[PDB]
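K.L.:
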DNA sequence: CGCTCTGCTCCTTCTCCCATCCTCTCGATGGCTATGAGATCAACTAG
DNA sequence: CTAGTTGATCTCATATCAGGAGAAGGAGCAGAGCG
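Protein chains in written order, with the deposited numbering: chain b, 490 to 555, 562 to 814, 828 to 1011, 1383 to 1399; chain A, 254 to 304.
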């Protein structure tokens, strides 16, 4: 067995299956349990982050630590796609636990509240989804849960969403978030995550914004004065120090030599808008609607939707062999044709993502038009058919391409079968495409994988790219290291409607540290 | 207290364009700034912005 | 012997009010505030 | 009974000069008790 401080013994066979970093994780989680604090497992996805929770809870139950005689009833909130995945995981890596699913699919086939009571009495592990948490805050928050793990916990990133409040109604201190990216757009998201795990650490939300978000953000802008750069640097370091104990973020560089992943690539392709595509885009930017949006008369979102659609396909207006969703009508589809052609000739499995769902349909009809055997998976595909679809695609190489909407396509699914990944459509959220591309390059990917980001030069999509770069740098400034380089490329204004196509410390260590921080 | 529709009738012009009363436009401004203040107190905003 | 508590003046805001009723013409202004994905659920539809 | 489909239906996420009159308050100040 493996032994830690007070009484934590995790079975040796279980421990040996783990890696070194996963073992560190188990120790970290138990140290938190000792503190009675929560934490964020911010391991980069694919690093077997889920296995760490299994090991830790197993060890805790096995050690029979002393209200509760070991591990009490616990609730797992995870995105709807991965519930049965978690059930499977508990079942293999530790059969003894009872892992009840709370879902329409489920396995209970009675009233749900009976199941809640059953687990809270027999001390099982109730898996559920964020929806059923939002909808039964009353029922669920009446049973003294022992652990409240949220998988892909970033969904609580909005402090005012209903689901966030519901999740923050749970009472136990042993709150855990498993989130490959616990910060996606701005620090308001970070504060929200910390306020679930550790309700006071970062202060109130107003105070956090005032003290951290404003300064840290202002240090990223190109035009920021150096003074403000240094305030940002200070605040970023303070933030890292504040969040260090409670966030365990192992990127895939401190473990790569100790884990042996294959090569990864991140090529970008600046697609060129075709003639019809160019015409529709050039017209719509010149349209009165865009002009009115620039004047602020109505919502900007409408314009952004329209522009993104245009860059994505001329589905504003539809134009034999020129039916809706025709490939040659849009340049990005031409590029996709060439890439899938060469790759199908390479006998290689592709993973094509799209932020949209109806565009996923146009891609689907395209892949009919070709001889490419695919399998499509979006929010409309049934949840019960979800995990078997993933397993099917991973088990056999007959299925060539795998259309995916990024919202269900990301978020914890393992897709090692695919080799090539192409991100067809950008998002305003860097995390979306990041998790999308990271579906392949995980543990068990025994083959090289490259990531292609298809983008329309000079159009809205490049400006969205700039947004998500600026976001990524902001996340880097506070997660990986505060010495980020300032995003000098753009001023990031509302001129994104244009077409510009190519062509004991002994009190001296303390005071020294203080003087360092306050010298900036 | 926002009055009923009788106190601020939306008179229809010759066509279909429904013109709203002055009270309705003012209540629109009030609800706009009230929602704006509600979100600014709920989410990130400076003290001077809320002021 | 300075401190208070009047209370008089003067100014200064500051607000309100300005007949009834009737006829006609003429000019302006008369807006939406959007989109889409995912999850639940309950209705059918087939098996 | 059981998947599959299909509406609703909800949630969440995405972005930068020819007025006049009167009343109320405040300020300055004389002066009177008075401790």
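All C-beta atoms, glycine included, are put in the ideal place defined by N, C-alpha and C.
Using a C-beta to C-beta distance shorter than 9 Å, which residues of chain A count as neighbours of residue 708 (chain b)?
P.N.:
Taking the first residue of the first chain as 1, we reach residue 708 (chain b) at position 213. Neighbours of residue 708 (chain b) on chain A, chain order: 297.
K.L.:
Taking the CB atoms as reference points, tell me whether residue 289 (chain A) and residue 655 (chain b) lie closer together than 8 Å.
P.N.:
The residue labelled residue 289 (chain A) in the question sits at position 36 within the second chain. The residue labelled residue 655 (chain b) in the question sits at position 160 within the first chain. No, these two residues do not count as a Cβ contact at 8 Å.
K.L.:
Go through the region 607-676 of chain b residue by residue and report every complete run of the alpha helix (DSSP H) that reaches 4 residues or more, in order.
P.N.:
Qualifying alpha helix (DSSP H) stretches, in chain order: 607-617, 625-630, 632-635, 657-662.
K.L.:
Quick one: does residue 683 (chain b) have its CB under 8 Å from some CB of chain A?
P.N.:
Counting from one through the first chain, the residue named residue 683 (chain b) turns up at place 188. With 8 Å as the cut-off, residue 683 (chain b) counts as an interface residue toward chain A.
K.L.:
Quick check on the DSSP output: the alpha helix (DSSP H) that includes residue 501 (chain b) runs from which residue to which?
P.N.:
Translated into the one-based positions of the first chain, residue 501 (chain b) becomes position 12. Per DSSP, residue 501 (chain b) belongs to the alpha helix (DSSP H) from 501-506.
K.L.:
Assuming contact is defined by CB atoms lying nearer than 8 Å, are residue 957 (chain b) and residue 948 (chain b) in contact in what I supplied?
P.N.:
Here residue 957 (chain b) refers to the residue found at position 449 when the first chain is read from its first residue. Here residue 948 (chain b) refers to the residue found at position 440 when the first chain is read from its first residue. Yes.
K.L.:
Determine whether the Cβ of residue 621 (chain b) lies closer than 8 Å to any Cβ atom of chain A.
P.N.:
Residue 621 (chain b) sits at position 126 when you count from the first residue of the first chain. Not closer than 8 Å to any Cβ of chain A, the Cβ of residue 621 (chain b) fails to qualify, so no.
K.L.:
With 16 other CB atoms within 10 Å as the buried threshold, where does residue 926 (chain b) fall?
P.N.:
Stepping through the first chain from its first residue, residue 926 (chain b) is reached at position 418. The residue is buried, with at least 16 neighbouring Cβ atoms inside 10 Å.
K.L.:
Based on the DSSP secondary-structure assignment, which residues constitute the bridge partners of residue 491 (chain b)?
P.N.:
For the purposes of this step, residue 491 (chain b) is taken as residue 2 along the first chain, with counting starting at 1. Per DSSP, b:499.
K.L.:
Give, in chain order, every residue of the region 694-705 of chain b whose Cβ lies closer than 9 Å to some Cβ of chain A.
P.N.:
Those would be 700, 701, 703, 704, 705, in chain order.
K.L.:
Where does residue 992 (chain b) fall in DSSP's three states?
P.N.:
Within the first chain, the letter at position 484 stands for residue 992 (chain b). Coil, per DSSP.
K.L.:
Looking at chain A, is there any beta carbon in it that lies within less than 8 Å of the beta carbon of residue 655 (chain b)?
P.N.:
Position 160 of the first chain, counted from the first residue, corresponds to residue 655 (chain b). It does; some Cβ of chain A falls within 8 Å.
K.L.:
Helix or strand or just coil, what does DSSP make of residue 283 (chain A)?
P.N.:
Start at 1 with the first residue of the second chain, and residue 283 (chain A) comes out as number 30. Three-state result, residue 283 (chain A): helix.
K.L.:
Out of b:748, b:798, b:522, state which residue places its alpha-carbon closest to the alpha-carbon of residue 692 (chain b).
P.N.:
Residue 692 (chain b) sits at position 197 when you count from the first residue of the first chain. Residue 692 (chain b) has its Cα closest to that of b:522, out of b:748, b:798, b:522.
K.L.:
Three Cβ pairs or more, each shorter than 8 Å: is that satisfied between the region 691-706 of chain b and the region 959-967 of chain b?
P.N.:
The region 691-706 of chain b vs the region 959-967 of chain b: no contact.
K.L.:
Please name the residue or residues paired with residue 759 (chain b) in a DSSP beta bridge.
P.N.:
Along the first chain, one-based indexing puts residue 759 (chain b) at 264. Answer is b:957, bridged to residue 759 (chain b).
K.L.:
With 16 as the cutoff for other CB atoms within 10 Å, does residue 711 (chain b) come out buried or exposed?
P.N.:
On the first chain, residue 711 (chain b) is found 216 positions in, with the first residue counted as 1. Buried, because 16 or more other Cβ atoms sit within 10 Å of the Cβ of residue 711 (chain b).
K.L.:
Determine, using beta-carbon pairs with one atom in the region 831-849 of chain b and one in the region 768-775 of chain b, whether at least three such pairs fall under 8 Å.
P.N.:
Flag = yes, the region 831-849 of chain b and the region 768-775 of chain b touch.
K.L.:
Look up residue 596 (chain b) in the DSSP assignment and give the residues it is bridged to.
P.N.:
Numbered from its first residue, the first chain carries residue 596 (chain b) at position 101. DSSP, once it has assigned bridges, lists b:622 as partnering residue 596 (chain b).
K.L.:
By the three-class DSSP mapping on this structure, what secondary structure does residue 1386 (chain b) have?
P.N.:
Translated into positions along the first chain, residue 1386 (chain b) becomes position 507. It is coil, neither helix nor strand.
K.L.:
Taking the DSSP output, what are the residues bridged to residue 528 (chain b)?
P.N.:
Numbered from its first residue, the first chain carries residue 528 (chain b) at position 39. Answer by DSSP bridge pairing, in chain order: b:671.
K.L.:
So, helix, strand or coil for residue 867 (chain b), using DSSP?
P.N.:
On the first chain, residue 867 (chain b) is found 359 positions in, with the first residue counted as 1. Here residue 867 (chain b) sits in helix by DSSP.
K.L.:
In terms of residues, what are the limits of the beta strand (DSSP E) holding residue 928 (chain b)?
P.N.:
What you label residue 928 (chain b) is simply residue 420 of the first chain in a count that begins at 1. Segment 928-931, the beta strand (DSSP E) holding residue 928 (chain b).
K.L.:
Please list, in chain order, all residues of the same chain as residue 723 (chain b) whose beta carbon is under 8 Å from its beta carbon, the five residues on each side excluded.
P.N.:
Translated into positions along the first chain, residue 723 (chain b) becomes position 228. 710, 713, 714.
K.L.:
Measure from the alpha carbon of residue 919 (chain b) to the alpha carbon of each residue in b:894, b:928, b:936, b:903, then state which is nearest.
P.N.:
As a first step, residue 919 (chain b) is located in the first chain; it is residue number 411 there, counting from the start. Of the listed residues, the one whose Cα sits closest to residue 919 (chain b) is b:894.
K.L.:
Verify whether the separation of the beta carbon atoms of residue 549 (chain b) and residue 538 (chain b) is less than 8 Å.
P.N.:
Translated into positions along the first chain, residue 549 (chain b) becomes position 60. Translated into positions along the first chain, residue 538 (chain b) becomes position 49. No. Outside cutoff.
K.L.:
Using only alpha-carbon positions, find the residue among b:889, b:569, b:901 that is nearest to residue 859 (chain b).
P.N.:
Here residue 859 (chain b) refers to the residue found at position 351 of the first chain. Considering only alpha carbons, the answer is b:901.
K.L.:
For residue 260 (chain A), which three-state DSSP category applies?
P.N.:
Reading the second chain from its first residue, position 7 is the one you call residue 260 (chain A). Coil.
K.L.:
For residue 661 (chain b), I'd like the list of residues in its chain whose CB is within less than 6 Å of its CB, leaving aside the five on either flank, ordered along the chain.
P.N.:
To locate residue 661 (chain b), count along the first chain from 1; it is residue 166. Excluding residues within five positions, the ones whose Cβ falls inside 6 Å are 628, 629, 632.
K.L.:
Can you tell me the Cα-Cα spacing of residue 262 (chain A) and residue 273 (chain A), whole angstroms?
P.N.:
Here residue 262 (chain A) refers to the residue found at position 9 when the second chain is read from its first residue. Here residue 273 (chain A) refers to the residue found at position 20 when the second chain is read from its first residue. Cα-Cα distance, rounded: 7 Å.
K.L.:
List the DSSP bridge partners of residue 571 (chain b).
P.N.:
Here residue 571 (chain b) refers to the residue found at position 76 of the first chain. Residue 571 (chain b) is bridged to b:622, b:644.
K.L.:
Near residue 619 (chain b), what residues of its chain come up, given a Cβ to Cβ distance below 6 Å and the 5 sequence neighbours on each side ignored?
P.N.:
The residue given as residue 619 (chain b) occupies position 124 in the first chain. Once the five neighbours on either side are set aside, the close Cβ partners of residue 619 (chain b) are 593, 595.
K.L.:
Apart from the five residues on each side of it in sequence, which residues of its chain come closer than 6 Å, Cβ to Cβ, to residue 435 (chain b)?
P.N.:
Here chain b covers residues 490 to 1399 and nothing more, so residue 435 (chain b) does not appear.
K.L.:
Between the region 863-875 of chain b and the region 922-938 of chain b, can you find at least three pairs of beta-carbon atoms closer than 8 Å?
P.N.:
Because the criterion of three Cβ pairs below 8 Å is met, the region 922-938 of chain b and the region 863-875 of chain b touch.
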